[PDB]
Structure formats: C-alpha cells, structure tokens
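Naming convention: chains lettered A, B, ... in sequence-line order (proteins, then strands); numbering from 1 in each chain. Atom set for the values below is all heavy atoms of this structure, side chains included, hydrogens, waters and symmetry mates excluded.
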Amino acid sequence: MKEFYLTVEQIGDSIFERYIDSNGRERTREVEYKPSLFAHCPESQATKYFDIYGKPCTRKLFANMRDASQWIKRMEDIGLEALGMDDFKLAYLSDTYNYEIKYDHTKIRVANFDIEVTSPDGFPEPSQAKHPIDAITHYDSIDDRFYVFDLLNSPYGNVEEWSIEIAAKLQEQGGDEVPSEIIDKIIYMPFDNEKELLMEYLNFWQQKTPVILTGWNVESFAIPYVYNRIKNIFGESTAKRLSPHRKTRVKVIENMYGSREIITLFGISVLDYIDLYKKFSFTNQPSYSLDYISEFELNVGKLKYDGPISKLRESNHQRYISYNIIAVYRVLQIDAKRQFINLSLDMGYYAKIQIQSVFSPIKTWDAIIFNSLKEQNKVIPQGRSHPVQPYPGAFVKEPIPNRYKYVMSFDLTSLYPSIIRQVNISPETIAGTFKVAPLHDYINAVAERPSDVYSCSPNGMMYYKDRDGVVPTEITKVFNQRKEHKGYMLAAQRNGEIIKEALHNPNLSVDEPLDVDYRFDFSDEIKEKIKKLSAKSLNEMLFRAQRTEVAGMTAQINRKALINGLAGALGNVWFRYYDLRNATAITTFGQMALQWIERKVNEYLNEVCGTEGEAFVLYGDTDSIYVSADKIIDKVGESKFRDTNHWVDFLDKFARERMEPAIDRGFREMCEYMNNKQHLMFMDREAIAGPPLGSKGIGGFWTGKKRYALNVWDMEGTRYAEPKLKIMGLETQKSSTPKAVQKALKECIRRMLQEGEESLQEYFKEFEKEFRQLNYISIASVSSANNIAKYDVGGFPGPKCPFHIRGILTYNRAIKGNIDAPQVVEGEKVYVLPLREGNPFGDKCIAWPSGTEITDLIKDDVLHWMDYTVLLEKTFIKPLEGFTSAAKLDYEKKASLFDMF
DNA sequence: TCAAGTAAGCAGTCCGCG
DNA sequence: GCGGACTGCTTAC
Ligand SMILES: O=c1ccn([C@H]2C[C@H](O)[C@@H](COP(=O)(O)NP(=O)(O)OP(=O)(O)O)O2)c(=O)[nH]1
Ligand SMILES: [Mn+2]
Ligand SMILES: [Mn+2]
Ligand SMILES: [Mn+2]
Ligand SMILES: [Mn+2]
Ligand SMILES: [Mn+2]
Ligand SMILES: [Mn+2]
Ligand SMILES: [Mn+2]
C-alpha cells in the first residue's frame, strides 16, 4: 500500500515521524530536515517560483531548521518579506506525502483510558500526584482489548481481586452489569504494589504506544496525573517514557487558586473526547460528567453506588473496578454513534496536519491552502501582525411581535462560501475597488452598477472573473463533500419517518430487519416489504436509520463548520490571509442578498395575490426569510382542504412551483447586477408551518429577533409523521434553564401552537400547583463560572458581583474546613438556587458544580431554604409572560366582566 | 508567529427617583 | 419598584 504518517514533531533541528510503511508496519524515523523559504528577487531572474501575486521569488535551501528561523528573523530586522511555509512540520508532511493520503484506520492505534485514585483529602491534584493510582483501564483499538490494572494493596486499604463473573451479573442480582459484548475482551492484571503496576503499565505502553490518545478529561486529569505520579516515584526521565521520543512539555500555565497542569507528549496526538464533543457535537450541555453525557447520548442509566467515591474502593472494590471499565467503554459507545475520531482522521489527513490540529480551523486551512499553492509552484505570503478591528456581520430583520398562523421559510444553501465562490473572493483575485453607494441603494436596484468588467461586492471590492482563486477552489471541494453527506443525512431522516408510520400498523410475525442502506431513499419494493414487518423488526430499523442520520449529521455539519471557518478566519489576525476587505465583502454581500430577496419576494407575492404594499416577509436572519402564508391559504379557503396534510401539500407545491422560480429569477438579476463570476445563491424551502386543521392553535409566534416558535409539518422535504416544534432562542433552548422548566415551557408552547389558549391555561394551572414537588436539581438554574476570584474577598461578594458568582462564594463559605466537599472549578458550570431571606447561609443564593448532587453536608438545609416562589417566577413565569404577551394570549384568566354560577 | 466571525436577547448590578 | 448603562452569558446565524 501507499505510506501514511501517524505523528510528527519538531525537536530542535529534528523532525521525528511515526508512520505506517508500504507493508502496513508501524515505523519511526528521525530526519534532519532541510527546509526552504523564499525572497522576492528582480524580474530579471530565471525562476519557476512566484508568489501568489505573480511576483518573482528565489529559493533559499537551509542546512537545518534552526538556520531557517534565524534567517526569518534577520529578514524582519531588515524589513523584507520572508516567504514560504514557516511551520516546518507542515512543509515536511507536504514534501513527504505528495499525494492524496488514503489512510487505513485499522493500523492506527487508538487508545482510550481512565484512571482511579482514592483520595480521602479532597480532589486529587494532578500537579502534585500525591496519591496512589489504584486502577487503570486502557483499551487498545488494534488489540480490541481492555487492559485492566488493579491495585490490591495500598495504604488506603487492602482488597481482594476483582471478579469477572460478578462483573457480568445483572445489578439486580448483585452484579455490576459490565455489558456482555465486552466481557470476553477484558484482560485483568492485579498487583500487590503500585510500583510494579506502574512499571508494568509503562512496559505495556512501550509495546502498544498510542498514536491517538483519548478518554474523558484525559487532558486535564488522567495524563497529567499519571505523568506526575510516575515522576514522583521513579523520577522524571522514567515519566518521559510516556512519550515515544522521550520529550515532554510542562506547561503550565497554573495558576491560582491554586494550580493546574497540561503535559504535552511529543509523538502522541491527544484528542480529549470532551473537547471533540464540545467542538463537533453542537449541543450545549448543562454539565460534562461522563454520566450526564452517556445518559444524554446513549439513554443508559446513571452509574449508581452508595457512599462517596473516596470510600468506594474500600466499601466495594468490586464495583469500583467495574465502574472503571465501564467508563472507558462508555466513551467507546459515544464515539460509535458520533464518529468524531473518524472525522478527526478524515480532516487531519485531508489537510496534511497533525491530527490534534483539527481543533484549529486556522491551522487546518493554512495547510490546505499551502498544499494547494505548493502544487502550482507558488509561494505563500509571510504571516504579518495586525491590530484587532471589529467589523460588520449579518443583517437581522426586526419582526413585529405577533402570532403568525401559517408560515413558510426559505434559507440559502451554504451562504458565506457560496458567496466566496459566486464573487470569487481570494487574496490573489483582488482586482481593484469601486466607489460605494449606501447599501439601501443596491438593495433597491437604484445605485449605479459597480462594474462592467469585474465581480463585485457592495463593500466596494472587485475581483477577477477569469482566474480562479485558491480559496474558492479549495472551499468548493470541501463544500461538495458537505453536500454529499447532507443528502445521506436527509435520506436517512425521510427513511426514518417511513418506519415510524409503519409502526402504527404492526403486524404480528417473527422476522429479521431488512438489509438496506439508509443513506438512500427506500425503494418502493423496500417500502412494500416494510409495511409487513413486526414491531421488533421495525424498531431495529428505526434505530439503525437514526444512527445513519447521526453519522450523516456529524460528517456534514462539521464540514460546514470548516468552510464557514474559512470565511470567519479572514477576520482573524492570526490567519496568514487575514483581510477585512475580503471578510466584509462576504458579510456585506450577505446583507444585500437577504434584503434584496426580501423585496423581490414581497413583489412577487403581492402580484400573484393581486394585493398592494403588504408585507409577506415577516422575519429574516442573515440568509433566511420567513413568509406569511395566510393570504395564500385564504385566497382559497377554508374550507377547503380535507386535512392538514392537504394544505401542507398545497404550500409545498406553491413553493416548489411558483416561489422557487421567482426567487431564482430574483437572484439571477442580482448576479448580473454585481457582475459575478457564477450564480450560486440557491434558496431552498425550509419549514412549512401552521396549526392542525380544525384546531384552535396559533401555529407560530415571534417575540423579537432570534426568538420564535413554529409548529412544523415538513422540513426541507421531510414530511413528519407527527408535528415537530421548531423553537429558536426561547428559554426552552438555553442550557441555563432548569431541565424541568425547559420541559414545561416546551409543553406550554406545544399547547399554544397546536391547541390554543384554553389548553395553555389548563396546563399552566397544573404546573403551578405541582412546581414544589419537583426534584431540586431539575428546577435549578445553570451557569458557567468565569473570572471568579475577581469578585472576592473574603470571601464575600465584591462590587458588581454576578448572581451565580455570588452563589459560589456562598458555597465556598459553607464548605470551608471540610476537606471532603467537592470544589467549584473556574470556567466550569454550576447549578444555582435562590435562598429565602433569613437562611443560615447568610446570602440570597447558593451554587455547586453541575451534574452532581450537592454535598450531604449542606444538602438538607438547602432544600429547606430554597425559594420556590422566586424560582417559579424568575425561570418560568417571566419567560412565559413573554411568549404569551407576544402572541396575544393569556396564561391565566382574566376577570371576564361576568361572572355567574 | 500556538489563535473562525458578528448580531443581539435577557438576567442581573448599580444608580436615579420628593 | 421601573428604566437606563453597564457586565456576563448564551443563543442564532
Ligand atoms: O457558526 C456559524 C454559522 C453560520 N455562519 C454564517 C455563515 C453561514 O453561511 C451563514 C448562514 O447561516 P446558516 O445557519 O444558514 N448556515 P449555511 O447557510 O452555511 O448552511 P445551510 O443553510 O446550507 O445549512 O451564517 C457563521 O459565520 N458561523
Ligand atoms: Mn490474594
Ligand atoms: Mn437495571
Ligand atoms: Mn473513572
Ligand atoms: Mn437549512
Ligand atoms: Mn443557510
Ligand atoms: Mn437548505
Ligand atoms: Mn441560515
């Protein structure tokens, strides 16, 4: 096969590379790499090398990397540009792998581990590692085995060996329920002493040295803890055996209060799964314990036990070891669903970067663009310094707050990059400028046409129409990948609705799920075979379809994030191709397109409805329009459809047949106007929304910008079995809203939209009567905790102290002295509850870390003092008043000028 | 040169107010 | 007790 790399590092004048050779074997090599950089020279020069502007360049071949750096610095001291790729590991990979890399993931050792450390005296600080490591479980993807290192004797208790037969039993039969499909994959190794355990771990690590290293929080706890514990017992140089080149960086910062640590292990690409999840998952969780996310992602149950984890090894070593194995497996399960490692690998190899660089869009694109330029024998510009300048972004229309019964929506496909391709925006396609009118004049087609010769944006920029840009070119490739995957995703989603519907009519037999690809729309024969399957079969198919759709989501939305990352990068001073002219060319064009198309859609709709000067477009954000369909529905009545699906079918046809072509005509005109290279403003229909036919529902409402709810029947061609609420911005969407209040406001909204005022009130009365019976954690607010120290001391609230930060201080005073209480962590999220006046805490609110019950120390007298009246009003009534005042309903009634028996 | 962007809502603090 | 200027956080895009 063709070779590919695993890791690369720069060590002085040395590149260290781990790689897979042409035979499939893992190898390592040290290369004294000779880098090249370039300098402009006179046009009188025989040279194949030009920079991206067409200026001639001469190559300088250096004997080592140190020299290249030295030269770069003299060039600055002289004031002349030093061109070329200055991140030498990137250039090396580009020289070494001059082809599209087809990697083979079964040869990439992916490791996943979790450690346990008993700690009677508070959270075990990694920067100190003063406690024994009493368990490690380490899964190796190539062995497909879980290696378990278990400490039987430690100064914190002697325990006997762990039992694999008891691990397997149902929890109800006294077992730990280690899932059956991994029981056979476990390899168990007890140890009399910590030293022999760590020694043996290090020996294992050498034989099976991770390429990709993951886990939950491994970056902040496991890795630094292991590194520092090995250091303390054996010395640093032994601790350095964790790096395949024996080099590490610490790192630092710290800082207070009181200390944290991050180790860098050269020759390993660490991808902490919690980071992969934050970047790639597009959720905002109230908490990031493995148990919360596992439950969220997998629908598995909380990992139950009695007593604090500081006594768990002692009271029940058996469960302790089993829960350690399970945590590792759980991260394996989250990844089989989300597929973030596979994505990281796709992106990393595509860009030709270090796999951990996928966290960096700027770095990812620097390498993609660099590689694309080096193929044409071109020379990248030097990275310059720039001051940080704010600049204008998208347009958002101000909506009239109201209920809106029937609404269709339309949204532009991949807007920013589409713009980049339509206008042909690139550092090296800049043609000149033109004198700019106010933006309203373009939108209204009254300003003079910018140019006859160049592609333009209403920010005043002009671009060459003939030559293609490195940016448009490379941004198209990734776009095309996103398109593909989105299709798989949507198809799996439609396939999902078809299965759901068939679940209304099983159908009693004994069968197997059909063998099919959920990435493509079910054929008619397949649809036939399905209408005759059992509930078992069909449920297995729904699961499979929903997993194919999740995979499609991951692959498509993150490819979109990448491309959008490029547009935003142009506005980041650390980006080699930073340039506000390009950044604003994109954004300003986007504001124009949205407002232009608003005008056009109003013009077309007034026409066909024969009416005049009426607003059909009710809202719009960046690249979307929301269209009232009341008068399109009314033009016909009402009657006059048989059921909901009928009018949905109507509007669908009307969008596809009448509106779609006028929109396209509208944007075709806009393209001509700006004389663009290619027409790519494609605005597909999104939601079709309204109340169930016959009901008293309102269908939808806006309260303001970025705050609306819609009852949707069809979404971008997916006709839903049951109506699905599209809620944007409302408290139901905010991670800081208590879980139970989220659910309650959602149900209030479901009612308003589907059933009307009377149903709303009915439910609101019930929730008020029952509020106080809820679990305290389900009605607690949530907040991130930044810049905490600032608002001490000592330790009481200082001036301007935020409410949640106040709660942490109240917590910090409550737990002063008890070495057992779990500590709030700077930058982490916290639960927050208000307290009644006269509480023994001495203030109006308390806060503890999230995803955790509050410590039994103070728990009992927090419950006693929680202020329900304030909670309900703050988190539930205020926001509800918002919704209903906007949609002109009341949640209570209402003094009716009656009343009477 | 370790480093995608802007727009904009709401909850809270501090101050004003016979 | 309510509205205006500010911080802090959080979504929508
Ligand atoms: O995180 C984002 C999201 C969107 N945007 C910009 C770019 C995007 O093209 C534009 C429109 O927002 P959408 O949510 O519609 N995404 P896009 O149009 O790219 O993709 P699509 O509509 O095809 O899903 O807003 C960002 O700059 N950053
Ligand atoms: Mn024994
Ligand atoms: Mn059970
Ligand atoms: Mn654990
Ligand atoms: Mn969309
Ligand atoms: Mn869009
Ligand atoms: Mn779309
Ligand atoms: Mn959009």
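Stem list for DNA chain B (at least 3 consecutive Watson-Crick or G-U pairs, distances under 3.5 Å): B:5-13 with C:5-13, B:15-17 with C:1-3.
Using modelled atom types, one finds a donor on one side chain and an acceptor on the other under 3.5 Å when comparing A:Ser94 with A:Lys374. A:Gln356 and A:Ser269 form a side-chain donor-acceptor contact under 3.5 Å, judged by distance and modelled atom types alone. Judged purely by distance below 3.5 Å, without hydrogens or angles, the side chains of A:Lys73 and A:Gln70 never pair a donor atom with an acceptor atom. Inspection of the A:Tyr619 and A:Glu398 side chains reveals no N or O donor paired with an N or O acceptor under 3.5 Å. Side-chain atoms of A:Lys278 and A:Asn284 form no donor-acceptor pair, as typed in the model, at a separation below 3.5 Å. Between the side chains of A:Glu474 and A:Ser372, a donor-acceptor pair is found at a separation under 3.5 Å.
Atoms OH and CG, from A:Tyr350 and A:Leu562 in turn, are 8.5 Å apart once rounded to the nearest 0.5 Å.
The two residues A:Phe38 and A:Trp71 have their closest heavy-atom pair at O-CH2, 3.5 Å.
A:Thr587 comes within 4.0 angstrom of no nucleic acid atom, judged by non-hydrogen atoms across all strands. Within 4.0 Å (heavy atoms only), A:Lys790 reaches sugar-phosphate atoms of the nucleic acid but no base atom. Residue contacts shown for A:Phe395 are absent, as no nucleic acid heavy atom lies under 4.0 Å away. Across all strands shown, A:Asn564 has heavy atoms under 4.0 Å from base atoms, whether or not it also approaches the sugar-phosphate. Residue contacts shown for A:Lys705 are limited to sugar-phosphate atoms, with no base heavy atom under 4.0 Å away. Among the atoms of the strands shown, only primed sugar atoms or phosphate atoms (P, OP1, OP2) are found under 4.0 Å from some heavy atom of A:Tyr791. If you check every strand for non-hydrogen atoms under 4.0 Å, A:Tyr619 touches nothing. Residue contacts shown for A:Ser360 are limited to sugar-phosphate atoms, with no base heavy atom under 4.0 Å away.
In this structure, CE of A:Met65 is placed 17 Å from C1' of B:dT1, rounded to the nearest angstrom. When the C1' atom of C:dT11 is taken as reference, atom CZ of A:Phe282 falls 13 Å away, rounded to whole Å. The distance between atom CD1 of A:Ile586 and atom P of B:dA7, rounded to the nearest whole Å, is 14 Å. Summarising the geometry, the separation between CG on A:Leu871 and P on B:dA11 is reported as 14 Å, rounded to the nearest angstrom. To the nearest angstrom, P of B:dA7 lies 15 Å from CD of A:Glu398. Atom CG in A:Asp366 sits roughly 10 Å away from atom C1' in B:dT1 (whole-Å rounding). The CG-P distance, from A:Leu90 to B:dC2, rounds to 10 Å in whole Å. Summarising the geometry, the separation between CG on A:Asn459 and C1' on B:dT6 is reported as 16 Å, rounded to the nearest angstrom.
OP1 and OP2 of B:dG9 both lie 4.0 Å or more from every side-chain N or O belonging to A:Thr703. Between A:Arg707 and B:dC10 there is a side-chain N or O to OP1 or OP2 distance below 4.0 Å. For the pair A:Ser735 and C:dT11, the criterion of a side-chain N or O lying under 4.0 Å from OP1 or OP2 is met. Side-chain N/O atoms of A:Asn786 include none lying less than 4.0 angstrom from OP1 or OP2 on C:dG8. OP1 or OP2 of B:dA3 has not a single side-chain nitrogen or oxygen of A:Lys363 nearer than 4.0 Å. Proximity of A:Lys844 to the phosphate of B:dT13: a side-chain N or O atom is located under 4.0 Å from OP1 or OP2. Side-chain N/O atoms of A:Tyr708 include none lying less than 4.0 angstrom from OP1 or OP2 on C:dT11. Contact annotation: A:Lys706 does not reach the phosphate of C:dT10 (side-chain N/O to OP1 or OP2, under 4.0 Å).
Sequence order on DNA chain B of the closest nucleotides to A:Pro879 and A:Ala561 puts A:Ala561 first from the 5' end.
The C1'-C2'-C3'-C4' dihedral of B:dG5 is positive. Its furanose therefore counts as north. The torsion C1'-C2'-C3'-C4' is the criterion here, and for C:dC9 it is negative, giving a south pucker.
Atom name P, nucleotides C:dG4 and B:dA11: the rounded distance is 16 Å, in whole Å. Comparing B:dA3 with C:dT11, their P atoms are spaced 25 Å from each other, to the whole Å.
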TODO: Evaluate the ring-ring contact (aromatic ring centres under 6.0 Å, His included) criterion for residues A:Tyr578 and A:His386: first the C-alpha distance (whole Å), next the side-chain angles of each, then the deciding distance (0.1 Å), finally the verdict.
DONE: CA-CA 9 Å; A:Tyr578 177 72; A:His386 315 265; 4.7 Å; yes
Task: Evaluation steps, side-chain contact (heavy atoms from CB on, under 4.5 Å), between A:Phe682 and A:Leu412 - done: CA-CA 6 Å; A:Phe682 304 141; A:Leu412 280 145; 5.8 Å; no
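In this structure, A:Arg249 places its CZ atom where only 12 or fewer heavy-atom neighbours from other residues, nucleotides or ligands lie under 6.0 Å away.
For the contact set between residues 565-576 of chain A and DNA chain B, defined by any heavy atom under 4.0 Å, the members are A:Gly565, A:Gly568, A:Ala569, A:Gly571, A:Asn572, A:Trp574. Taken residue by residue, residues 794-811 of chain A places heavy atoms nearer than 4.0 Å to DNA chain B at A:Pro799, A:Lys800, A:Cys801, A:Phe803.
A parallel orientation is assigned to the rings of A:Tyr292 and A:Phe296, their planes being inclined by less than 30° (bins at 30° and 60°).
For the pair A:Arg576 and A:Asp86, the salt-bridge criterion is met [side-chain N within less than 4.0 Å of a carboxylate O]. In summary, A:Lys486 and A:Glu716 engage in a salt bridge, as defined by a charged side-chain N under 4.0 Å from a carboxylate O.
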